[PDB]
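First, one chain by itself: the form deposited in one PDB entry, in structure tokens.
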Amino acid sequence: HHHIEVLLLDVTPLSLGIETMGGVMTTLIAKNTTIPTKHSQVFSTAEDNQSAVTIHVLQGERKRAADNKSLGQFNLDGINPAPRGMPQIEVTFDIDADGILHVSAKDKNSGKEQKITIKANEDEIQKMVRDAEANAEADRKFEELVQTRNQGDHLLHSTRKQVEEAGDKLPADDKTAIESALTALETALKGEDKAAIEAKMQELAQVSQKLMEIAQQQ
């Protein structure tokens, strides 16, 4: 008989994750995930030629990083120069039967690896859960906003880089409309309105058609 059975030794009381760009908690191990378990996800740099990243370990159901429990922090340095998004940093959360959490960060290109060990009531747990359930909508809105923001900032930077290396190819009126749309996006990014930013991204995208060809023709 070829059957396999689930070992259930324990469950996690709260979500476990790391802080990512925009000050948001990104979950590696969700609440009520069976223990022992090993989850890992791949992340990247937020800047061109960024040489190091900070892993800030968080516990809780809130979306804003400061609104959760801070478990620990460590750095991964020696990341080889590359555009943002290029380096691949694998972050692993490993929970054993002892309930002891191990967090590691590993660069796949350079092989460099760093890690920490994190040790460790019901009233505080339930307070965190209730507090999360009370603010749930604001938290969701914040999360979506952050994602939209990072996307927009990316769009802004990339479009400006291609505009600078475009000339003198890129024509007059196109460059004017593009720069105006870029300014518009930049102002939208400071706001709390997700829809306005989506709108500005779309607007910048619709005056940007020629840029693609120009960069492609070399």
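Note that residue numbering follows the sequence shown and begins at 1. Think of the rigid core as the biggest set of C-alphas that the two forms share within 1.5 Å after superposition.
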Per the record, the count of deposited residues between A120 and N121 that have no coordinates is 4 to 9
Going by the entry, of stretches 61-69 and 169-177 the one with greater average Cα B-factor is 169-177
Once average C-alpha B-factors are taken from the entry for 28-36 and 189-197, the winner is 189-197
From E143, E90, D98, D94, the top C-alpha temperature factor is at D98
Note to self: of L182, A46, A52, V42, the C-alpha temperature factor tops out at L182
Tertile call for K161 (CA temperature factor, within chain, third-based) is the highest
Temperature factor at the Cα of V11, chain-ranked in thirds, falls in the middle
Among the modelled residues of its chain, the C-alpha B-factor of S104 falls in the third labelled lowest
Here the Cα B-factor of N75, set against its chain, lands in the third termed lowest
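We do not show the form deposited in another entry, though everything after this point is about it.
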The mover among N49, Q41, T176, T37 between the shown form and the other one, judged by a CA shift of 2 Å or more on the rigid core, is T176
